[PDB]
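First the structure, in the form of structure tokens, and then the observations on it.
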Amino acid sequence: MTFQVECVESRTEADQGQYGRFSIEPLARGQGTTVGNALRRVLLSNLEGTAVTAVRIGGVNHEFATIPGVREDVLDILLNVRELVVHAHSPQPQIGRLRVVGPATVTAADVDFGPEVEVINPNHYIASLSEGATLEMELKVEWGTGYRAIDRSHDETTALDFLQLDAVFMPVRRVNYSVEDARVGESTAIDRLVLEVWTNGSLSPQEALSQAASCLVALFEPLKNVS
Amino acid sequence: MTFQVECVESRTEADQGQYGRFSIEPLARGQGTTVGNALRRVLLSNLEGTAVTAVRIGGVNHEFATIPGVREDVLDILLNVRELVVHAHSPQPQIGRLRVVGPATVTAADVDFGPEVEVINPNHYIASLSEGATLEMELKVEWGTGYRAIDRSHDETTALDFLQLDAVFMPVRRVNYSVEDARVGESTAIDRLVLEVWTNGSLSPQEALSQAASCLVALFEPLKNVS
Amino acid sequence: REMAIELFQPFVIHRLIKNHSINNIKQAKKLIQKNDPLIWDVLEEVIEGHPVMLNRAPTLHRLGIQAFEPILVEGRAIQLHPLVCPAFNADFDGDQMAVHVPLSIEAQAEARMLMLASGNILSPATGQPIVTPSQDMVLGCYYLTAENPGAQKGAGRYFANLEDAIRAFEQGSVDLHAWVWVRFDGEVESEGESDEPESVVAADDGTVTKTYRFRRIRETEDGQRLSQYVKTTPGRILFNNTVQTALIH
Amino acid sequence: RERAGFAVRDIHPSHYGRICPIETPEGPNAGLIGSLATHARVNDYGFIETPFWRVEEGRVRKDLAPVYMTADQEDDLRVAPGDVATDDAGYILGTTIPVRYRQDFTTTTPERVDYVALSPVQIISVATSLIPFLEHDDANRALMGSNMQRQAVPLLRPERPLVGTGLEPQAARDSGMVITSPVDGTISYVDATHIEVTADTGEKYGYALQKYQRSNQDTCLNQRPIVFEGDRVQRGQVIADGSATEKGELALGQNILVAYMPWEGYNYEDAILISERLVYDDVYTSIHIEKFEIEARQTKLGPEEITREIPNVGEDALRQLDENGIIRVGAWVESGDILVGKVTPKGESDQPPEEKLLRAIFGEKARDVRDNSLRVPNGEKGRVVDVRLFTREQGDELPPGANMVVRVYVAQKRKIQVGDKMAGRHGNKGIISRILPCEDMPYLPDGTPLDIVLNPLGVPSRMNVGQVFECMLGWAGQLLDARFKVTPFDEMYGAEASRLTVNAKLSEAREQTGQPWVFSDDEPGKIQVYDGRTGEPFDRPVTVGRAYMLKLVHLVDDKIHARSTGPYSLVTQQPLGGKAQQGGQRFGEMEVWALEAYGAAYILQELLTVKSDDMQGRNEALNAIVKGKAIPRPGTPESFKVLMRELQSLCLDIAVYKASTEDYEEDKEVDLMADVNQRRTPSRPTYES
Amino acid sequence: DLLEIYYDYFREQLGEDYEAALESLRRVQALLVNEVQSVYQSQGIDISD
Amino acid sequence: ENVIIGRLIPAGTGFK
Amino acid sequence: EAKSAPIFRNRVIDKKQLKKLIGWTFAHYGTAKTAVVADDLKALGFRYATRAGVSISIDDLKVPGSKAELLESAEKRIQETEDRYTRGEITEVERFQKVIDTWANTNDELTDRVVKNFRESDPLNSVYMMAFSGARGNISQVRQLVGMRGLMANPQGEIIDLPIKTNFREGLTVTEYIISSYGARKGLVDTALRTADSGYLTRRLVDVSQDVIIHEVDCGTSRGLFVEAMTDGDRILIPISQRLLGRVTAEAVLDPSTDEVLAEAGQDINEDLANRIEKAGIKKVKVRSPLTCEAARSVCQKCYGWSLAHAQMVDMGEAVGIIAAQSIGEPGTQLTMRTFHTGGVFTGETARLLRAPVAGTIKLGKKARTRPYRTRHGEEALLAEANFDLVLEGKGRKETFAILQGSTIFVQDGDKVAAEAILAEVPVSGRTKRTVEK
Amino acid sequence: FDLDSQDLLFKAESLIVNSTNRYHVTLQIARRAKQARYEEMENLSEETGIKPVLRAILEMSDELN
RNA sequence: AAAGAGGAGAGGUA
Ligand SMILES: Nc1ccn([C@@H]2O[C@H](COP(=O)(O)OP(=O)(O)OP(=O)(O)O)[C@@H](O)[C@H]2O)c(=O)n1
Ligand SMILES: [Mg+2]
Ligand SMILES: [Zn+2]
């Protein structure tokens, strides 16, 4: 109604993540709790992102699940792949191929993710290789929301060609909010809302806040035409 | 984002309250709670109304006195007239007058407020008078929201021999809601929200829903610009 | 505020005379009695940095008097931190407390450096802790880390870092008492853990996997570890993450 | 008290049925003051009797004029308690009956019994007999509940309990505020101060009612009508009631919704969290009345006068007075307002006599008087409801040496707030720590928010589980509109009587209302509850019911006190003691031990000298603080000098000496009662210039 | 009387009475401390020595 | 004894 | 302040674990981190206590289903005793003692069964959860809630022979309420009448030692005191590691295994050194004590040792007499005013029974010297005069027990003892209580 | 303000740790605070928004470096 | 300029 929004502090972490703090004031006695809770609920579970959904590793023995020449087995590679952050500019899925030979340390910068998909952190550790070893991998990306778990496959799978992974499409990593007194002098009750957002990097906190606010406005708009 | 809202039941109690049930569907997996809790919180605290804030009785100057011929004392009469329900069509305050004589049962039906104020329940019991008794009264009406306590700081004694009252402007009595599964064979986790409103009588449930939706939209709109 | 405006009168008078030049003492006293709004702004900064002493009636040992830093509240009752109640032996069902104010600089220094309530950790009678969580914090920490054969949803999942488990819990995809595997490198103690490797599997290129009741370790040929996974519960992860985070700030 | 032994504070076997074994003070005189039992009576010699029923061959004769017996008459007979169960009020069932013989508990066959007690509650007093489900509690909690039931405040609109015991009407009737119809007639005239009853024959009876009077403890006494005009009444029907009674029954508290669960630390140690509906619905709002007095004496210098012309005061301080100078009825007064204006003609001599003699010779008579009028004390406000004036020439018996007396009455209304004490009838007490808006409290599946939240941690530690029975019965009572009454010691009819009764009532309520969520079979007493801040249900169902709660006379408004500087004592010159006279707090020797154990010497030294009785250091410290400089070093306290003078008065040669630094010179006595610095020493600290 | 017994025995056994007094007092002190600590430990009270 | 006459106690900060 | 990483505690966290964590944090990081750690733990516990929704109900109080048979056996035994007294074979004192012992043993067995049933049936019960997590309750109150109250005591401290066989969930009768009134009166009188003794004692203690202040650094003394563990027979009541913390050694400490030296002369003992000393044997240690200080004042800094509040050596200028006096005098005064928290129940303390695990025959020994004896229950038995060994032989199992001097034996050589039969009893001691007239 | 009480608590703990007697360091802090207050009161105005004891603690902790 | 002085009973709260 008669409030103002300000941005206090912003940083960028080593892993290319982002952090943001916002202050909103003034509001009525109880409006801070409702605004903060609605914003948190919409931010944490109703935003769109990209994630790696299927992988395929070449040169895998079905017993001992161990790659020759690589110090990690299949489980650690699958766990390291799930943390890779991507940002696609098209609604159709794309595929990516990785081929590494010789003694080297594989990194997310060595994945050919087409001409449009981009890799936010090009320093993501994947695996290590020694002399006389090669790594061949295929990755598939998709669109979705939230933490999508898979069936019967916790992590440990070694069988069919394309392995299915449980993915997490969540641009926003953490949200906190607090309500404080902003009376100033002696008068009716007035509060101020402080909101902190940790984002994985593919989005900026201001953009996420704008998207959540737009979603809430679209949700509540068609309810005032009943009278 | 696109859904249907419909009214299922509408009934009236003994000319002193209203009931309404609404169904909203379809929604996402967890948006039913998000919509319902916000609607409940806004409906129960952030609505405007009208109430009686000052009373003047001829022959009485404080609240611990009695009138010869009246079955009740001033405190009971003040408590009775505090819970009178009115609706005003204009933002300016009005003044209502009452005069009753003889053996009678004084109810709310004999208060002349003028064509700018309407009395909801005309069977509100107020007082009883025996043969040789008379009752003369004047009432003041104002706009506000929530609970207002008397302050003895208006040193300007404009309200001479006026007895101030603690004011309660809350036109909504009860709100309830529930969430059901509208999934039909296909596994997609579609929600349906059912909302029930018990209203004081000066407002119909549809108007209260529209006002709450407008307030929520006005709250969440200014966050779409920058952050 | 009613108590504070009376206990700190000379300091308020001095600050009213020095800053916001009034005139003399009589005008300041008239201002205080008339209750001008400015005196509250002056008092809010008069008391900043000035300790106060609190006492309860039966003083059985030296922990019955303690020094605190005051903040102004609206009401007529004193607010007390829950973690200092057992030392005072006080509960909130009718008790009362006494307040004293130091005057000189030496007294203020002694109150800050000898009796401040954040430095009384052990008991003079026996060197045992005295600020342990007492009644509902214990119940909450017990419920958080307990066991529940029922309500096991999302059990068997694999996680990296200690933050992925928390993030998955906040989304409702995992229960609070489920059994999950988490990648953790460090010292771990369990309950009823077997010191003998329950299973040993030796593979090619000189690698061995040893599986215990609550652990799974991968090793090279008589060398260093490569990975370690712990089988635990999300509430225990929350507890340990809170403890670890608190020790770095 | 000092010369009393220890056998007098114990319970004797002869007390049963004559003196209550629970109600007793909890202080230095515990066990020395007692209460008469409910059924006891005193004969014409001064001994206490109790009634019994006689049995013949094994049948209780319940229609044969009960027999009153004394302690020594029943020593040689086998007497059974009041919980023995009979078939049809006739023969005694069972085969082993507990009896009392020769002041000893024994057991016997149901044919040697001689007498049976009338009631199972014959052993307790009136206050202890108002606690339901008392056999499931501890005795100490019963004593605390009986004690706390007598500290409740009458409320604006009282309510009688849903779950009672059956003794409330007699307790209300036997105290003298309930008016009852003495005939079988009709009602002819009703008014807020008068009721008339006309019988069938034709004669009339009239009653007048009290209206807003004062009690010994500044509470309120008020009577209100119950009946209407033209109503048909009977004999013994109630037509009016007092301030703390419902329609014929005692009513001390209110019935409110309660849930047993912890909140976010606001129930930590017996603290209470309540809702805001209890404030704006005028629940737990009370009325208090206070009295102020003033007199006009006649001094040797001249009589004092009650007038309006008060020297050296503004016009805004005399708006509400009238002609004589007495406040008007119906005015609102705050602290510092003038109630009665009194002026004293006094000839003080504290000015040079030249101006006074010149004025006296010249003339121009003016005001040589002083102002000591009556003003309301700090922290008080309210309405003036009564002013009474007594003088001579009116047939009034004034105290000797006085000419006029004025009395003023002031009334106030008080609501519940943070820091007030609340309690129930089962020994559970607490202090309110937070008041919440109703949209933040937990709510039911119906959508109704709760009224109060209590911590369960305190139920098994205090061992008072009757409150759970009471709440679970009150829930069903509210759902059914039934208002049950239960008599204690109800397990003589079965094995699980209370539990089965509560379960049956709850099941009947569930069937009648048609709502399946009000009662559960897996968790009989538990319901699902949602969170008003986020809308998410809690993990497990909690216990919900209706509780009868009271508000006590210990209010935080009469407990907050502070001091900077005030009066001092005449002899020791130490600060006075007491709330009523701006007193200081005592620093006993245990606190001195604690400060010595800490190691803080400067704090202790400043406490002992500058802040208590160093007559010169007080003003130096005050002026140094005001000017922003350092506080000079202290001297010698006055109490040491007083002690030295007192010791010298006993013909003892005690003095302080200074050691000789060098040479043969002997040590020199020091004069402690001498002035060292040429500076003033006034009686009280003051701000110079 | 334990002190007297110790004093007599050690005075006969040793040469001087300084050492005898020291020995007797030491033994009595140890006995008293142990007795008091045991009585306190009978309940649930823990105090340093 | 220093408490009765009002001097610095010989323990703690008043040791010397 | 750093360089130590916390361990991952994969277990349930009760009050003891929290206390251990607080002690570890103080010992490793300092007094400034501990406050923030405690604040964080308090906030987490407060946040997650309300999510659970812990409540109390009538059906939450579970009573074991085997109470009636236990009670019936108790009544049979009591009736046997009363018949024996009526016939004229025992006096009144022996009957009183026998019935008291029988009821005490019955109550002990009942509470053991209650605990076992509560643990086995449902571990998430609210009463169990908030009683056995160390939150507020204790066993003596759950016993009265779901077991049985037992025997009472009157204000003079004597036992009443009529027990209360019901609990609070079932409801008392009139006689049992009358009996409970005595315990209520006992607690009421104890709270305000007996508190003067503790105050008088602490005032005397403060007065006797108000001038003991640290004035000296070292006195140069070789004298000291011998410290060992506190045991009762073969059970250790107080270990030696707890008693050695903060003390200064008066002589060098040598390992009984090798020539290694664990500590030198004039070395304070921290926790790790005390643990090392206890783990490697060592039954006695000589330390510096204030009892043997040679300072010509009160005590020196070297003969005192650590200050327990700060975990390091004392500072010069400390008033230790006041601290000692108010450390001794506080717990008794505090415990006197908490008597009413348990009603007036009698705190049991019975003799130690030796039971035969399996059936067999008794072999006895060769140093066994015994005399005819009459026990306190009115029985004929044998009193031992020297320590010996009892041999119980079975089908394929042979066991030996050690019998000390003064204990009573109920069997002889050659008898055929059945299973779970009493063989010997060690009676309670008379010390730690004051002796009065008969 | 940028200076919270937690930093002062850590600074006081550090001052206590790096000394042999707590009473002596308390007396030193009191003397420094008195001298600083006297210097302020007779000259200039200084950053008066901090009490002299806190100032003395800050300078004494900074001298440790 | 002024303004309370002690004592004795009875009853309560932590
Ligand atoms: N004669 C007395 C009575 C009470 N007290 C003080 O008041 C406390 C009594 O606390 P109270 O609230 O009455 O009982 P608790 O034992 O705390 O139990 P609960 O609060 O659970 O009822 C005692 O511990 C003590 O500090 C005292 O010093 N002397
Ligand atoms: Mg208490
Ligand atoms: Zn020494």
Side-chain angles (χ1 to χ4, degrees), chain C residues 7-11 14 47 49-55 59 62 65-68 70 98-116, chain D residues 562-566 568 572-575 584-640 681 684-685, chain F, chain G residues 317 319, chain H residues 23 26-27 29-31 33-34 37 51-53:
Chain C
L7 288 180
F8 282 95
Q9 201 185 77
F11 303 95
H14 163 238
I47 76 170
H50 201 129
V52 102
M53 261 146 48
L54 254 53
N55 175 45
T59 308
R62 84 178 202 185
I65 316 171
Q66 260 163 265
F68 298 91
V99 195
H100 305 268
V101 171
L103 292 189
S104 60
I105 277 190
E106 287 114 309
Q108 295 179 39
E110 291 186 347
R112 180 167 284 275
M113 293 287 268
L114 290 177
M115 318 164 42
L116 206 69
Chain D
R563 174 199 162 112
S564 40
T565 284
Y568 299 95
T572 47
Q573 287 287 330
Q574 272 164 39
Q585 307 289 313
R586 199 190 144 78
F587 213 74
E589 60 175 353
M590 299 198 102
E591 296 99 57
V592 179
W593 300 343
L595 271 193
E596 287 167 348
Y598 257 128
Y602 285 84
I603 300 189
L604 183 58
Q605 206 215 1
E606 152 197 287
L607 265 155
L608 283 185
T609 60
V610 145
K611 282 192 234 178
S612 219
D613 57 5
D614 199 13
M615 302 189 39
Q616 203 184 98
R618 296 191 297 232
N619 320 46
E620 310 265 285
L622 182 79
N623 282 110
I625 292 170
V626 170
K627 294 215 198 40
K629 326 192 150 283
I631 298 188
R633 302 266 82 216
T636 318
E638 202 65 38
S639 293
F640 189 56
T681 306
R684 287 212 219 161
Chain F
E1 304 149 48
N2 308 80
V3 161
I4 289 173
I5 67 171
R7 275 193 195 160
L8 273 175
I9 53 165
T13 50
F15 181 43
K16 283 315 186 26
Chain H
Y23 313 118
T26 303
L27 291 159
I29 290 175
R31 283 197 261 278
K34 267 166 109 73
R37 214 242 329 239
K51 301 256 173 306
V53 175

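Chain A is the first sequence line, chain B the second, and so forth, proteins listed ahead of strands; every chain is numbered from 1. What you see below is based on every heavy atom in this structure, not just the backbone, and it leaves out hydrogens, waters and symmetry mates.
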Check: C:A98 main-chain N/O paired with C:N55 side-chain donor or acceptor under 3.5 Å: no
Nearest-0.5 Å distance that lies between atom CG in C:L114 and atom OG1 in H:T26: 4.5 Å
Atom pair CD/CZ of D:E596 and C:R62 - distance to nearest 0.5 Å: 13.0 Å
Atom pair CZ/OG1 of D:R618 and D:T681 - distance to nearest 0.5 Å: 10.0 Å
Considering all heavy atoms, the nearest D:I631-C:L103 contact: CD1-CB, 4.3 Å
Side chains of D:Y598 and D:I603 in contact at under 4.5 Å (non-hydrogen atoms): no
Pairwise distance CD1(C:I105) to CD1(H:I29) - rounded to 0.5 angstrom: 12.5 Å
Side-chain donor or acceptor of D:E606 paired with backbone N/O of C:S104 under 3.5 Å: yes
CD1/F:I4: more than 12 non-hydrogen atoms of other groups inside 6.0 Å: no
Contact summary for D:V610 and D:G617, nearest pair of heavy atoms: CG2-O, 4.3 Å
Atom pair OG1/CZ of D:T609 and D:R633 - distance to nearest 0.5 Å: 8.0 Å
D:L608 side chain near F:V3 side chain, heavy-atom distance below 4.5 Å: yes
N/O donor-acceptor pair under 3.5 Å between C:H50 side chain and C:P102 backbone: yes
Non-hydrogen atoms of D:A601 and F:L8 that approach each other most closely: CB-CD2, 3.7 Å
Any D:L607 side-chain heavy atom under 4.5 Å of D:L595 side chain: yes
Stepwise side chain to side chain contact (heavy atoms under 4.5 Å, CB included) test for C:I65 and C:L54: CA-CA 6 Å; C:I65 316 171; C:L54 254 53; over 6 Å; no
Salt-bridge criterion met for F:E1 and F:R7 (N-O under 4.0 Å): no
Contact check, side chains of D:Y602 and C:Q108, non-hydrogen atoms, under 4.5 Å: no
Where D:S612 and D:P575 come nearest, the two heavy atoms and their spacing: O-CD, 3.4 Å
C:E106 vs H:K34 side-chain heavy atoms within contact, under 4.5 Å: yes
Shortest non-hydrogen separation from D:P634 to D:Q605 and the atoms involved: CG-NE2, 4.0 Å
Heavy-atom pair with the smallest gap, counting every atom of F:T13 and H:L27: O-CD1, 3.8 Å
Heavy atoms from other residues, nucleotides or ligands near CD of D:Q585 exceed 12 (cutoff 6.0 Å): no
Audit row: D:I625, C:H14, side chain to side chain contact (heavy atoms under 4.5 Å, CB included) steps and yes/no: CA-CA 8 Å; D:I625 292 170; C:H14 163 238; 5.8 Å; no
Distance in Å, D:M615 CE paired with D:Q573 CD, rounded so as to fall on 0.5 Å steps: 4.5 Å
